$ cat my_file_31.cif   # mmCIF, N, CA and C atoms
data_work
loop_
_atom_site.group_PDB
_atom_site.id
_atom_site.type_symbol
_atom_site.label_atom_id
_atom_site.label_comp_id
_atom_site.auth_asym_id
_atom_site.auth_seq_id
_atom_site.Cartn_x
_atom_site.Cartn_y
_atom_site.Cartn_z
ATOM 1 N N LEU A 1 105.942 -89.342 179.510
ATOM 2 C CA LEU A 1 105.404 -88.155 178.786
ATOM 3 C C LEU A 1 104.444 -88.619 177.688
ATOM 4 N N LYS A 2 103.183 -88.762 178.006
ATOM 5 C CA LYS A 2 102.191 -89.208 176.983
ATOM 6 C C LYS A 2 101.513 -87.980 176.372
ATOM 7 N N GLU A 3 101.999 -87.517 175.254
ATOM 8 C CA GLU A 3 101.385 -86.320 174.613
ATOM 9 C C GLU A 3 99.935 -86.625 174.233
ATOM 10 N N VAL A 4 99.728 -87.576 173.361
ATOM 11 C CA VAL A 4 98.340 -87.925 172.938
ATOM 12 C C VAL A 4 97.672 -86.700 172.309
ATOM 13 N N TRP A 5 96.792 -86.910 171.368
ATOM 14 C CA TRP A 5 96.109 -85.757 170.715
ATOM 15 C C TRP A 5 95.066 -85.172 171.670
ATOM 16 N N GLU A 6 95.354 -84.044 172.260
ATOM 17 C CA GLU A 6 94.379 -83.424 173.200
ATOM 18 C C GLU A 6 93.089 -83.091 172.446
ATOM 19 N N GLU A 7 92.040 -82.777 173.154
ATOM 20 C CA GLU A 7 90.757 -82.442 172.471
ATOM 21 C C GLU A 7 89.814 -81.751 173.460
ATOM 22 N N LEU A 8 89.867 -80.448 173.534
ATOM 23 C CA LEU A 8 88.970 -79.717 174.472
ATOM 24 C C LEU A 8 87.517 -79.884 174.018
ATOM 25 N N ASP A 9 86.581 -79.752 174.923
ATOM 26 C CA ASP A 9 85.138 -79.896 174.552
ATOM 27 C C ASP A 9 84.320 -78.841 175.310
ATOM 28 N N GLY A 10 83.204 -78.412 174.773
ATOM 29 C CA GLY A 10 82.384 -77.387 175.483
ATOM 30 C C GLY A 10 83.161 -76.070 175.595
ATOM 31 N N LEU A 11 84.436 -76.088 175.292
ATOM 32 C CA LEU A 11 85.280 -74.861 175.401
ATOM 33 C C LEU A 11 85.600 -74.621 176.876
ATOM 34 N N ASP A 12 86.784 -74.976 177.298
ATOM 35 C CA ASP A 12 87.156 -74.788 178.729
ATOM 36 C C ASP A 12 86.743 -73.373 179.186
ATOM 37 N N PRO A 13 86.421 -73.203 180.458
ATOM 38 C CA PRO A 13 86.029 -71.877 180.980
ATOM 39 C C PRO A 13 87.216 -70.902 180.894
ATOM 40 N N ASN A 14 88.239 -71.245 180.159
ATOM 41 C CA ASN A 14 89.416 -70.338 180.048
ATOM 42 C C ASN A 14 89.120 -69.236 179.031
ATOM 43 N N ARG A 15 88.142 -68.415 179.302
ATOM 44 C CA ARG A 15 87.798 -67.316 178.354
ATOM 45 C C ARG A 15 89.074 -66.591 177.919
ATOM 46 N N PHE A 16 88.976 -65.741 176.933
ATOM 47 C CA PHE A 16 90.181 -65.004 176.459
ATOM 48 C C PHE A 16 90.845 -64.293 177.641
ATOM 49 N N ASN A 17 91.847 -63.497 177.378
ATOM 50 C CA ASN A 17 92.537 -62.770 178.485
ATOM 51 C C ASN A 17 93.235 -61.517 177.928
ATOM 52 N N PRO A 18 92.457 -60.556 177.469
ATOM 53 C CA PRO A 18 93.019 -59.309 176.905
ATOM 54 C C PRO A 18 93.785 -58.538 177.993
ATOM 55 N N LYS A 19 93.528 -58.840 179.231
ATOM 56 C CA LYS A 19 94.221 -58.135 180.346
ATOM 57 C C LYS A 19 95.744 -58.252 180.213
ATOM 58 N N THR A 20 96.253 -59.389 179.816
ATOM 59 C CA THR A 20 97.727 -59.531 179.720
ATOM 60 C C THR A 20 98.273 -58.711 178.546
ATOM 61 N N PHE A 21 97.583 -58.677 177.441
ATOM 62 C CA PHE A 21 98.097 -57.884 176.288
ATOM 63 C C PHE A 21 98.313 -56.442 176.769
ATOM 64 N N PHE A 22 97.479 -55.983 177.659
ATOM 65 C CA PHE A 22 97.625 -54.598 178.177
ATOM 66 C C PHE A 22 98.894 -54.499 179.035
ATOM 67 N N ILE A 23 99.231 -55.540 179.758
ATOM 68 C CA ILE A 23 100.452 -55.487 180.598
ATOM 69 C C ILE A 23 101.681 -55.489 179.690
ATOM 70 N N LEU A 24 101.845 -56.516 178.905
ATOM 71 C CA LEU A 24 103.027 -56.578 177.996
ATOM 72 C C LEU A 24 103.228 -55.229 177.267
ATOM 73 N N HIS A 25 102.176 -54.556 176.855
ATOM 74 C CA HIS A 25 102.367 -53.251 176.151
ATOM 75 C C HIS A 25 102.655 -52.144 177.170
ATOM 76 N N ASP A 26 102.464 -52.406 178.437
ATOM 77 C CA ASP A 26 102.750 -51.357 179.461
ATOM 78 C C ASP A 26 104.254 -51.346 179.756
ATOM 79 N N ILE A 27 104.998 -50.524 179.068
ATOM 80 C CA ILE A 27 106.465 -50.473 179.278
ATOM 81 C C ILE A 27 106.806 -49.733 180.577
ATOM 82 N N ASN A 28 106.284 -48.549 180.771
ATOM 83 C CA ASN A 28 106.603 -47.793 182.029
ATOM 84 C C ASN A 28 105.615 -48.172 183.135
ATOM 85 N N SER A 29 104.860 -49.218 182.940
ATOM 86 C CA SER A 29 103.890 -49.654 183.989
ATOM 87 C C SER A 29 103.153 -48.446 184.575
ATOM 88 N N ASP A 30 102.517 -47.662 183.744
ATOM 89 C CA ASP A 30 101.764 -46.474 184.250
ATOM 90 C C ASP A 30 100.287 -46.849 184.370
ATOM 91 N N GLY A 31 99.941 -48.021 183.913
ATOM 92 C CA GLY A 31 98.524 -48.474 183.981
ATOM 93 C C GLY A 31 97.722 -47.823 182.853
ATOM 94 N N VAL A 32 98.336 -46.951 182.083
ATOM 95 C CA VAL A 32 97.610 -46.298 180.943
ATOM 96 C C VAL A 32 98.575 -46.186 179.750
ATOM 97 N N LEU A 33 98.070 -45.959 178.557
ATOM 98 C CA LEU A 33 98.980 -45.800 177.356
ATOM 99 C C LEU A 33 98.743 -44.412 176.745
ATOM 100 N N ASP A 34 99.764 -43.590 176.654
ATOM 101 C CA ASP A 34 99.585 -42.215 176.074
ATOM 102 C C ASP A 34 100.146 -42.165 174.646
ATOM 103 N N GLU A 35 100.047 -41.027 174.016
ATOM 104 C CA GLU A 35 100.546 -40.871 172.616
ATOM 105 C C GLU A 35 102.026 -41.262 172.506
ATOM 106 N N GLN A 36 102.736 -41.389 173.592
ATOM 107 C CA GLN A 36 104.175 -41.778 173.479
ATOM 108 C C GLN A 36 104.289 -43.306 173.336
ATOM 109 N N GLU A 37 103.349 -44.052 173.866
ATOM 110 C CA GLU A 37 103.427 -45.540 173.740
ATOM 111 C C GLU A 37 102.897 -45.963 172.365
ATOM 112 N N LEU A 38 101.878 -45.310 171.870
ATOM 113 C CA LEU A 38 101.351 -45.674 170.525
ATOM 114 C C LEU A 38 102.337 -45.171 169.463
ATOM 115 N N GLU A 39 103.007 -44.080 169.714
ATOM 116 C CA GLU A 39 103.989 -43.579 168.722
ATOM 117 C C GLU A 39 105.060 -44.648 168.503
ATOM 118 N N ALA A 40 105.592 -45.192 169.564
ATOM 119 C CA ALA A 40 106.648 -46.235 169.420
ATOM 120 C C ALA A 40 106.046 -47.563 168.941
ATOM 121 N N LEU A 41 104.807 -47.830 169.261
ATOM 122 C CA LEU A 41 104.195 -49.124 168.832
ATOM 123 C C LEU A 41 103.927 -49.109 167.316
ATOM 124 N N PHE A 42 103.747 -47.955 166.723
ATOM 125 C CA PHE A 42 103.480 -47.923 165.248
ATOM 126 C C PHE A 42 104.810 -48.037 164.489
ATOM 127 N N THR A 43 105.766 -47.214 164.827
ATOM 128 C CA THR A 43 107.080 -47.268 164.127
ATOM 129 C C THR A 43 107.718 -48.648 164.301
ATOM 130 N N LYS A 44 107.498 -49.274 165.421
ATOM 131 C CA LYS A 44 108.110 -50.612 165.660
ATOM 132 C C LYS A 44 107.397 -51.684 164.835
ATOM 133 N N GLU A 45 106.112 -51.588 164.677
ATOM 134 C CA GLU A 45 105.413 -52.633 163.878
ATOM 135 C C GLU A 45 106.067 -52.691 162.499
ATOM 136 N N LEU A 46 106.507 -51.569 161.993
ATOM 137 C CA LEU A 46 107.178 -51.580 160.660
ATOM 138 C C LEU A 46 108.511 -52.324 160.780
ATOM 139 N N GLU A 47 109.066 -52.378 161.959
ATOM 140 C CA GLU A 47 110.368 -53.083 162.136
ATOM 141 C C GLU A 47 110.149 -54.592 161.994
ATOM 142 N N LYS A 48 108.983 -55.068 162.351
ATOM 143 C CA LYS A 48 108.704 -56.535 162.256
ATOM 144 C C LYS A 48 108.093 -56.871 160.892
ATOM 145 N N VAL A 49 108.157 -55.969 159.949
ATOM 146 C CA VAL A 49 107.574 -56.251 158.599
ATOM 147 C C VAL A 49 108.398 -55.534 157.526
ATOM 148 N N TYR A 50 108.508 -54.237 157.613
ATOM 149 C CA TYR A 50 109.303 -53.489 156.597
ATOM 150 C C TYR A 50 110.798 -53.768 156.843
ATOM 151 N N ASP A 51 111.668 -52.854 156.505
ATOM 152 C CA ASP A 51 113.132 -53.089 156.732
ATOM 153 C C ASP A 51 113.896 -51.800 156.399
ATOM 154 N N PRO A 52 113.772 -50.801 157.251
ATOM 155 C CA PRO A 52 114.440 -49.504 157.029
ATOM 156 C C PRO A 52 115.966 -49.667 157.100
ATOM 157 N N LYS A 53 116.684 -48.619 156.809
ATOM 158 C CA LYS A 53 118.174 -48.680 156.861
ATOM 159 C C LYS A 53 118.726 -47.252 156.824
ATOM 160 N N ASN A 54 118.992 -46.746 155.651
ATOM 161 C CA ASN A 54 119.523 -45.357 155.522
ATOM 162 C C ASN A 54 119.006 -44.759 154.213
ATOM 163 N N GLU A 55 117.806 -45.119 153.827
ATOM 164 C CA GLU A 55 117.209 -44.601 152.560
ATOM 165 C C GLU A 55 115.982 -43.747 152.898
ATOM 166 N N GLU A 56 115.546 -42.918 151.983
ATOM 167 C CA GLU A 56 114.346 -42.057 152.240
ATOM 168 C C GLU A 56 113.412 -42.129 151.033
ATOM 169 N N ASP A 57 112.529 -43.090 151.006
ATOM 170 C CA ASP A 57 111.593 -43.197 149.852
ATOM 171 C C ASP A 57 110.524 -44.255 150.143
ATOM 172 N N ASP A 58 110.910 -45.501 150.214
ATOM 173 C CA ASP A 58 109.916 -46.580 150.481
ATOM 174 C C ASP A 58 109.177 -46.303 151.792
ATOM 175 N N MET A 59 109.746 -45.498 152.647
ATOM 176 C CA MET A 59 109.077 -45.181 153.949
ATOM 177 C C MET A 59 108.328 -43.853 153.825
ATOM 178 N N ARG A 60 107.625 -43.659 152.739
ATOM 179 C CA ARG A 60 106.863 -42.391 152.543
ATOM 180 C C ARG A 60 105.544 -42.702 151.834
ATOM 181 N N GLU A 61 105.600 -43.338 150.698
ATOM 182 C CA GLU A 61 104.341 -43.659 149.970
ATOM 183 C C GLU A 61 103.442 -44.530 150.855
ATOM 184 N N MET A 62 104.013 -45.477 151.551
ATOM 185 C CA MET A 62 103.189 -46.365 152.424
ATOM 186 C C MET A 62 102.672 -45.586 153.639
ATOM 187 N N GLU A 63 103.223 -44.420 153.897
ATOM 188 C CA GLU A 63 102.784 -43.603 155.079
ATOM 189 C C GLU A 63 101.268 -43.713 155.276
ATOM 190 N N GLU A 64 100.546 -44.013 154.233
ATOM 191 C CA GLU A 64 99.070 -44.150 154.359
ATOM 192 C C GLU A 64 98.740 -45.221 155.403
ATOM 193 N N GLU A 65 99.645 -46.133 155.637
ATOM 194 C CA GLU A 65 99.383 -47.210 156.635
ATOM 195 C C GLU A 65 99.521 -46.654 158.054
ATOM 196 N N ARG A 66 100.561 -45.911 158.315
ATOM 197 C CA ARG A 66 100.746 -45.345 159.684
ATOM 198 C C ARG A 66 99.477 -44.579 160.085
ATOM 199 N N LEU A 67 98.974 -43.744 159.219
ATOM 200 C CA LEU A 67 97.747 -42.970 159.560
ATOM 201 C C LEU A 67 96.552 -43.921 159.676
ATOM 202 N N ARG A 68 96.581 -45.020 158.969
ATOM 203 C CA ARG A 68 95.442 -45.981 159.036
ATOM 204 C C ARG A 68 95.321 -46.535 160.462
ATOM 205 N N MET A 69 96.425 -46.777 161.115
ATOM 206 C CA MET A 69 96.369 -47.315 162.508
ATOM 207 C C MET A 69 96.202 -46.159 163.499
ATOM 208 N N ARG A 70 97.005 -45.140 163.398
ATOM 209 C CA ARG A 70 96.875 -44.005 164.355
ATOM 210 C C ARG A 70 95.426 -43.499 164.392
ATOM 211 N N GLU A 71 94.723 -43.575 163.292
ATOM 212 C CA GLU A 71 93.315 -43.070 163.266
ATOM 213 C C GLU A 71 92.338 -44.134 163.788
ATOM 214 N N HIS A 72 92.384 -45.324 163.254
ATOM 215 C CA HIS A 72 91.442 -46.387 163.720
ATOM 216 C C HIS A 72 91.563 -46.573 165.237
ATOM 217 N N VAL A 73 92.750 -46.568 165.773
ATOM 218 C CA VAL A 73 92.882 -46.746 167.247
ATOM 219 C C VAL A 73 92.364 -45.490 167.954
ATOM 220 N N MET A 74 92.822 -44.340 167.551
ATOM 221 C CA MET A 74 92.358 -43.084 168.203
ATOM 222 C C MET A 74 90.857 -42.892 167.976
ATOM 223 N N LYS A 75 90.281 -43.535 166.991
ATOM 224 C CA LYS A 75 88.821 -43.350 166.725
ATOM 225 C C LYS A 75 88.002 -44.504 167.322
ATOM 226 N N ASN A 76 88.492 -45.717 167.254
ATOM 227 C CA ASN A 76 87.705 -46.876 167.792
ATOM 228 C C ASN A 76 88.077 -47.199 169.248
ATOM 229 N N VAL A 77 89.142 -46.650 169.800
ATOM 230 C CA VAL A 77 89.483 -46.969 171.235
ATOM 231 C C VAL A 77 89.356 -45.714 172.103
ATOM 232 N N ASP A 78 89.642 -44.551 171.581
ATOM 233 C CA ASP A 78 89.499 -43.321 172.418
ATOM 234 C C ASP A 78 88.104 -43.312 173.048
ATOM 235 N N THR A 79 88.018 -43.512 174.333
ATOM 236 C CA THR A 79 86.683 -43.555 174.990
ATOM 237 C C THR A 79 86.253 -42.141 175.398
ATOM 238 N N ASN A 80 86.993 -41.501 176.264
ATOM 239 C CA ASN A 80 86.618 -40.112 176.708
ATOM 240 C C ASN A 80 87.507 -39.086 176.005
ATOM 241 N N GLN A 81 88.133 -39.480 174.935
ATOM 242 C CA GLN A 81 88.986 -38.543 174.159
ATOM 243 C C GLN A 81 89.837 -37.676 175.087
ATOM 244 N N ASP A 82 90.864 -38.246 175.645
ATOM 245 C CA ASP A 82 91.783 -37.475 176.543
ATOM 246 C C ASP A 82 93.218 -37.753 176.097
ATOM 247 N N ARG A 83 93.360 -38.275 174.909
ATOM 248 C CA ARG A 83 94.706 -38.618 174.367
ATOM 249 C C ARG A 83 95.356 -39.660 175.280
ATOM 250 N N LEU A 84 94.695 -39.995 176.360
ATOM 251 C CA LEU A 84 95.223 -41.002 177.320
ATOM 252 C C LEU A 84 94.153 -42.085 177.474
ATOM 253 N N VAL A 85 94.551 -43.325 177.432
ATOM 254 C CA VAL A 85 93.570 -44.452 177.547
ATOM 255 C C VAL A 85 93.782 -45.184 178.872
ATOM 256 N N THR A 86 92.752 -45.331 179.670
ATOM 257 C CA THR A 86 92.915 -46.059 180.968
ATOM 258 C C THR A 86 92.474 -47.510 180.783
ATOM 259 N N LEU A 87 92.845 -48.375 181.683
ATOM 260 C CA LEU A 87 92.436 -49.805 181.560
ATOM 261 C C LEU A 87 90.920 -49.891 181.724
ATOM 262 N N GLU A 88 90.382 -49.084 182.582
ATOM 263 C CA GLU A 88 88.918 -49.121 182.837
ATOM 264 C C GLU A 88 88.134 -48.820 181.560
ATOM 265 N N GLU A 89 88.203 -47.609 181.088
ATOM 266 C CA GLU A 89 87.439 -47.241 179.866
ATOM 267 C C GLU A 89 87.871 -48.113 178.676
ATOM 268 N N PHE A 90 89.102 -48.549 178.647
ATOM 269 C CA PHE A 90 89.569 -49.393 177.507
ATOM 270 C C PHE A 90 88.807 -50.726 177.505
ATOM 271 N N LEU A 91 88.767 -51.399 178.620
ATOM 272 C CA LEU A 91 88.035 -52.692 178.680
ATOM 273 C C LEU A 91 86.636 -52.499 178.096
ATOM 274 N N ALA A 92 85.982 -51.421 178.440
ATOM 275 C CA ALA A 92 84.614 -51.174 177.903
ATOM 276 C C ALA A 92 84.620 -51.299 176.375
ATOM 277 N N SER A 93 85.382 -50.478 175.698
ATOM 278 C CA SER A 93 85.419 -50.544 174.208
ATOM 279 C C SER A 93 85.529 -51.999 173.749
ATOM 280 N N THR A 94 86.086 -52.854 174.571
ATOM 281 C CA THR A 94 86.219 -54.297 174.188
ATOM 282 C C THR A 94 85.114 -55.110 174.869
ATOM 283 N N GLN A 95 85.119 -55.155 176.176
ATOM 284 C CA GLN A 95 84.076 -55.936 176.911
ATOM 285 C C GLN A 95 82.690 -55.717 176.282
ATOM 286 N N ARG A 96 82.287 -54.489 176.076
ATOM 287 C CA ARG A 96 80.946 -54.240 175.470
ATOM 288 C C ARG A 96 80.879 -54.902 174.091
ATOM 289 N N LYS A 97 80.549 -56.163 174.044
ATOM 290 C CA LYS A 97 80.467 -56.865 172.739
ATOM 291 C C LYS A 97 79.638 -56.032 171.757
ATOM 292 N N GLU A 98 78.458 -55.637 172.152
ATOM 293 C CA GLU A 98 77.598 -54.827 171.244
ATOM 294 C C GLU A 98 78.312 -53.519 170.895
ATOM 295 N N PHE A 99 79.127 -53.530 169.876
ATOM 296 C CA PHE A 99 79.851 -52.287 169.487
ATOM 297 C C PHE A 99 80.570 -52.515 168.156
#

$ encode --input "my_file_31.cif" --output "structure tokens"
Amino acid sequence: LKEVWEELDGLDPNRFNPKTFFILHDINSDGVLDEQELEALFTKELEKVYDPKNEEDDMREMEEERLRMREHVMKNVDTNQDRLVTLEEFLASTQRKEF
């Protein structure tokens, strides 16, 4: 097992791969993400950072953050505004570098 300090050059043709991030987030494997998948993805992100329990206060003033994501995604990713995002139109919002 010779680890050795690896050193890529020219940047291997292994371009990024946003396609997999779309799969891992596809829980019901519907090929699309609706307001029910983003609803759970926002409340859960707080689980990996905040720390709720049985109190009602710290989870209100910061509410400005939940709207910050629900809006930026619904505004910067919504392609044909159908509350539903398909893999096709979604790739565009990303693939189209000029944007």

$ resolve_selection --input "my_file_31.cif" --expression "the PyMOL selection byres (((chain A and resi 26 and name CA) around 12) and name CA)" --output "PDB file with N, CA and C atoms, in the frame of the given file"
ATOM      1  N   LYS A  19      93.528 -58.840 179.231  1.00  0.00           N
ATOM      2  CA  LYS A  19      94.221 -58.135 180.346  1.00  0.00           C
ATOM      3  C   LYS A  19      95.744 -58.252 180.213  1.00  0.00           C
ATOM      4  N   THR A  20      96.253 -59.389 179.816  1.00  0.00           N
ATOM      5  CA  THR A  20      97.727 -59.531 179.720  1.00  0.00           C
ATOM      6  C   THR A  20      98.273 -58.711 178.546  1.00  0.00           C
ATOM      7  N   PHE A  21      97.583 -58.677 177.441  1.00  0.00           N
ATOM      8  CA  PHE A  21      98.097 -57.884 176.288  1.00  0.00           C
ATOM      9  C   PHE A  21      98.313 -56.442 176.769  1.00  0.00           C
ATOM     10  N   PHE A  22      97.479 -55.983 177.659  1.00  0.00           N
ATOM     11  CA  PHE A  22      97.625 -54.598 178.177  1.00  0.00           C
ATOM     12  C   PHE A  22      98.894 -54.499 179.035  1.00  0.00           C
ATOM     13  N   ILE A  23      99.231 -55.540 179.758  1.00  0.00           N
ATOM     14  CA  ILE A  23     100.452 -55.487 180.598  1.00  0.00           C
ATOM     15  C   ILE A  23     101.681 -55.489 179.690  1.00  0.00           C
ATOM     16  N   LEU A  24     101.845 -56.516 178.905  1.00  0.00           N
ATOM     17  CA  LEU A  24     103.027 -56.578 177.996  1.00  0.00           C
ATOM     18  C   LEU A  24     103.228 -55.229 177.267  1.00  0.00           C
ATOM     19  N   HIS A  25     102.176 -54.556 176.855  1.00  0.00           N
ATOM     20  CA  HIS A  25     102.367 -53.251 176.151  1.00  0.00           C
ATOM     21  C   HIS A  25     102.655 -52.144 177.170  1.00  0.00           C
ATOM     22  N   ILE A  27     104.998 -50.524 179.068  1.00  0.00           N
ATOM     23  CA  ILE A  27     106.465 -50.473 179.278  1.00  0.00           C
ATOM     24  C   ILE A  27     106.806 -49.733 180.577  1.00  0.00           C
ATOM     25  N   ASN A  28     106.284 -48.549 180.771  1.00  0.00           N
ATOM     26  CA  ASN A  28     106.603 -47.793 182.029  1.00  0.00           C
ATOM     27  C   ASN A  28     105.615 -48.172 183.135  1.00  0.00           C
ATOM     28  N   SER A  29     104.860 -49.218 182.940  1.00  0.00           N
ATOM     29  CA  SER A  29     103.890 -49.654 183.989  1.00  0.00           C
ATOM     30  C   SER A  29     103.153 -48.446 184.575  1.00  0.00           C
ATOM     31  N   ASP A  30     102.517 -47.662 183.744  1.00  0.00           N
ATOM     32  CA  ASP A  30     101.764 -46.474 184.250  1.00  0.00           C
ATOM     33  C   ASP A  30     100.287 -46.849 184.370  1.00  0.00           C
ATOM     34  N   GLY A  31      99.941 -48.021 183.913  1.00  0.00           N
ATOM     35  CA  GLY A  31      98.524 -48.474 183.981  1.00  0.00           C
ATOM     36  C   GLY A  31      97.722 -47.823 182.853  1.00  0.00           C
ATOM     37  N   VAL A  32      98.336 -46.951 182.083  1.00  0.00           N
ATOM     38  CA  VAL A  32      97.610 -46.298 180.943  1.00  0.00           C
ATOM     39  C   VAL A  32      98.575 -46.186 179.750  1.00  0.00           C
ATOM     40  N   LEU A  33      98.070 -45.959 178.557  1.00  0.00           N
ATOM     41  CA  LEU A  33      98.980 -45.800 177.356  1.00  0.00           C
ATOM     42  C   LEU A  33      98.743 -44.412 176.745  1.00  0.00           C
ATOM     43  N   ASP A  34      99.764 -43.590 176.654  1.00  0.00           N
ATOM     44  CA  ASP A  34      99.585 -42.215 176.074  1.00  0.00           C
ATOM     45  C   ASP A  34     100.146 -42.165 174.646  1.00  0.00           C
ATOM     46  N   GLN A  36     102.736 -41.389 173.592  1.00  0.00           N
ATOM     47  CA  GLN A  36     104.175 -41.778 173.479  1.00  0.00           C
ATOM     48  C   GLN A  36     104.289 -43.306 173.336  1.00  0.00           C
ATOM     49  N   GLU A  37     103.349 -44.052 173.866  1.00  0.00           N
ATOM     50  CA  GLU A  37     103.427 -45.540 173.740  1.00  0.00           C
ATOM     51  C   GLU A  37     102.897 -45.963 172.365  1.00  0.00           C
ATOM     52  N   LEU A  38     101.878 -45.310 171.870  1.00  0.00           N
ATOM     53  CA  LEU A  38     101.351 -45.674 170.525  1.00  0.00           C
ATOM     54  C   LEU A  38     102.337 -45.171 169.463  1.00  0.00           C
ATOM     55  N   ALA A  40     105.592 -45.192 169.564  1.00  0.00           N
ATOM     56  CA  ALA A  40     106.648 -46.235 169.420  1.00  0.00           C
ATOM     57  C   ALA A  40     106.046 -47.563 168.941  1.00  0.00           C
ATOM     58  N   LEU A  41     104.807 -47.830 169.261  1.00  0.00           N
ATOM     59  CA  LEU A  41     104.195 -49.124 168.832  1.00  0.00           C
ATOM     60  C   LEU A  41     103.927 -49.109 167.316  1.00  0.00           C
ATOM     61  N   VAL A  85      94.551 -43.325 177.432  1.00  0.00           N
ATOM     62  CA  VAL A  85      93.570 -44.452 177.547  1.00  0.00           C
ATOM     63  C   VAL A  85      93.782 -45.184 178.872  1.00  0.00           C
ATOM     64  N   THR A  86      92.752 -45.331 179.670  1.00  0.00           N
ATOM     65  CA  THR A  86      92.915 -46.059 180.968  1.00  0.00           C
ATOM     66  C   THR A  86      92.474 -47.510 180.783  1.00  0.00           C
ATOM     67  N   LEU A  87      92.845 -48.375 181.683  1.00  0.00           N
ATOM     68  CA  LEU A  87      92.436 -49.805 181.560  1.00  0.00           C
ATOM     69  C   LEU A  87      90.920 -49.891 181.724  1.00  0.00           C
TER      70      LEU A  87
END

$ select_by_dssp --input "my_file_31.cif" --residues "stretch 28-91 of chain A" --states "strand (DSSP E)" --output "JSON, numbers by chain"
{"A": [32, 33, 34, 84, 85, 86]}

$ atom_distance --input "my_file_31.cif" --atom1 "atom CA of residue A:82" --atom2 "atom CA of residue A:35"
10.2 Å

$ atom_distance --input "my_file_31.cif" --atom1 "atom CA of residue A:95" --atom2 "atom CA of residue A:18"
9.6 Å

$ closest_residue --input "my_file_31.cif" --among "A:11, A:46, A:77, A:62" --to "residue A:89" --atoms "all atoms listed in the file"
A:77

$ atom_distance --input "my_file_31.cif" --atom1 "atom CA of residue A:75" --atom2 "atom CA of residue A:15"
26.7 Å

$ decode --input "my_file_31.cif" --residues "stretch 16-29 of chain A" --atoms "N, CA and C atoms" --output "JSON list (two decimals), in the first residue's frame"
[["chain", "number", "residue", "atom", "x", "y", "z"],
["A", 16, "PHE", "N", -17.18, 18.07, -12.40],
["A", 16, "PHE", "CA", -18.06, 17.92, -11.22],
["A", 16, "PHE", "C", -19.13, 16.86, -11.51],
["A", 17, "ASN", "N", -20.07, 16.69, -10.61],
["A", 17, "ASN", "CA", -21.14, 15.67, -10.84],
["A", 17, "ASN", "C", -22.38, 16.04, -10.01],
["A", 18, "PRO", "N", -23.03, 17.14, -10.35],
["A", 18, "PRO", "CA", -24.23, 17.59, -9.62],
["A", 18, "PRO", "C", -25.36, 16.56, -9.77],
["A", 19, "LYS", "N", -25.26, 15.71, -10.75],
["A", 19, "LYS", "CA", -26.32, 14.68, -10.98],
["A", 19, "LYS", "C", -26.53, 13.82, -9.73],
["A", 20, "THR", "N", -25.48, 13.47, -9.03],
["A", 20, "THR", "CA", -25.67, 12.60, -7.84],
["A", 20, "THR", "C", -26.34, 13.38, -6.70],
["A", 21, "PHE", "N", -25.99, 14.63, -6.52],
["A", 21, "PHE", "CA", -26.63, 15.40, -5.42],
["A", 21, "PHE", "C", -28.15, 15.35, -5.63],
["A", 22, "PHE", "N", -28.58, 15.34, -6.87],
["A", 22, "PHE", "CA", -30.03, 15.29, -7.16],
["A", 22, "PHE", "C", -30.59, 13.92, -6.75],
["A", 23, "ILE", "N", -29.83, 12.87, -6.91],
["A", 23, "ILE", "CA", -30.33, 11.53, -6.52],
["A", 23, "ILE", "C", -30.42, 11.45, -5.00],
["A", 24, "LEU", "N", -29.33, 11.62, -4.32],
["A", 24, "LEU", "CA", -29.36, 11.56, -2.83],
["A", 24, "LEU", "C", -30.54, 12.38, -2.27],
["A", 25, "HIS", "N", -30.86, 13.52, -2.84],
["A", 25, "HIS", "CA", -32.00, 14.32, -2.30],
["A", 25, "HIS", "C", -33.33, 13.73, -2.79],
["A", 26, "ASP", "N", -33.29, 12.83, -3.74],
["A", 26, "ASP", "CA", -34.56, 12.22, -4.23],
["A", 26, "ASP", "C", -34.98, 11.10, -3.28],
["A", 27, "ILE", "N", -35.79, 11.40, -2.31],
["A", 27, "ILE", "CA", -36.22, 10.38, -1.33],
["A", 27, "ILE", "C", -37.26, 9.44, -1.94],
["A", 28, "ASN", "N", -38.31, 9.97, -2.52],
["A", 28, "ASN", "CA", -39.36, 9.08, -3.13],
["A", 28, "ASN", "C", -38.99, 8.74, -4.58],
["A", 29, "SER", "N", -37.78, 9.03, -4.98],
["A", 29, "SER", "CA", -37.35, 8.71, -6.37],
["A", 29, "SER", "C", -38.45, 9.09, -7.37]]
